[PDB]
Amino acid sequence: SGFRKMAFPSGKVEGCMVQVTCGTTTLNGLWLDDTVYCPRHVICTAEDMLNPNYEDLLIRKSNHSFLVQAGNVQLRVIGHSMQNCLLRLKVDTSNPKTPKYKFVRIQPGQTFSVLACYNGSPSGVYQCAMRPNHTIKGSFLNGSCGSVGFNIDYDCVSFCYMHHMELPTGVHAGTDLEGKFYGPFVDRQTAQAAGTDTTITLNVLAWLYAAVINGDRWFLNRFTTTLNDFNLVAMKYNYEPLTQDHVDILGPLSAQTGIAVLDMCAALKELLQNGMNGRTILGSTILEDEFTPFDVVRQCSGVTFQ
């Protein structure tokens, strides 16, 4: 029993982290096979960062403008290209610790683990949700760029995030591993603000199902709701609308608990209108939205505490 924000084991990812220096800027890179990936703003100076032209800044560099270090061992750069907001550095050694892996662009509301790294050295692991407004509420200091987010399925690492910047509100923005940003953000020190965010309705429901699987039913009720009547309540409390696709996705959790999705929505509707009355759900005094339905099935017992 119990329920925690759980990251994936980070070992397979730790063996891919390196340090990338160019000029005076240093950040982390990701070494798969004979390529190292890292944010392209590694080629900026302090004055470049306000309005960089990366194409112009890059052509002024050679292969040996870039210093790549894997632990102790220096790695020789023998090629370089810019892919969207990333640089791809070809090196002369293929990483013997390369795991099976894919590059994936995750969807809003999905979760992943972040390995926070400094100077190519892993420092910490934690779980994140891609917010609706395409930021993540991470914990990143200077030098954390090039840290990656990932999921692990069996033995395959699905890389989905690389860290580039922090917004004025203290949340974080970055790209997939093809260099396309999540959200309308650009890699410049310009005025950039997070769009307004929304609570991830699908995840709140998934976590209510977690609470039932772990043996708690106090928040349920005898009512039910139409999709549309729920969405009128979702609107008032700044929750995402529930769609029929979201109802379908909650199918298995509804089966394992015997609670119909729209029954659970009535429960949530009532929770949004009346509060929690000083009680907790799975240890929390607030409604949690950073667990997907997949998160719940992964972590919870497949047998309900009836």
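Don't overthink the numbering: it's just position in the shown sequence, from 1. For the two forms, the rigid core is made up of the largest set of C-alpha atoms that agree within 1.5 Å on superposition.
task = Output the stretch, either 189 to 197 or 124 to 132, that has more C-alpha displacement from this form in 9 other deposited structures of this protein following superposition by the rigid core.
result = With the rigid core superposed, the C-alphas that lie farther in 9 other deposited structures of this protein are those of 189 to 197.
key: Higher-deviation stretch (C-alpha RMS, rigid core fit) in 9 other deposited structures of this protein, choosing from 43 to 51 and 239 to 247   = The stretch that sits farther from the shown form in 9 other deposited structures of this protein is 43 to 51.
query = Taking the recorded C-alpha temperature factors, which stretch has the higher mean, 191 to 199 or 169 to 177?
reply = The deposited B-factors put 191 to 199 ahead on the C-alpha mean.
key: Per the entry, higher mean C-alpha B factor between 43 to 51 and 62 to 70   = Here the higher of the two C-alpha B-factor means belongs to 43 to 51.
query = Among 150, 118, 223, 185, which residue carries the highest C-alpha B-factor recorded in the PDB entry?
reply = By C-alpha B-factor in the record, 223 ranks first.
key: Selection by C-alpha B-factor (highest) of 140, 159, 154, 126   = So the option with the highest C-alpha B-factor is 154.
message = Quick check on the deposited entry: does the C-alpha B-factor of residue 33 sit in the lowest, middle or highest third of its chain?
response = Residue 33: CA B-factor falls in the highest third of its chain.
Third of chain Cα B-factors occupied by residue 19 = Ranked within chain, residue 19 CA B lands in the middle tercile.
key: Chain third (lowest, middle, highest) by recorded CA B-factor, residue given as residue 83   = Residue 83: CA B-factor falls in the middle third of its chain.
ask   = Can you tell me which third, lowest, middle or highest, the CA B-factor of residue 101 falls into for its chain?
value = Its C-alpha B-factor, which the entry lists for residue 101, ranks in the middle third among residues of this chain.
key: residue 3, C-alpha B-factor rank within chain (lowest, middle or highest third)   = Middle third.
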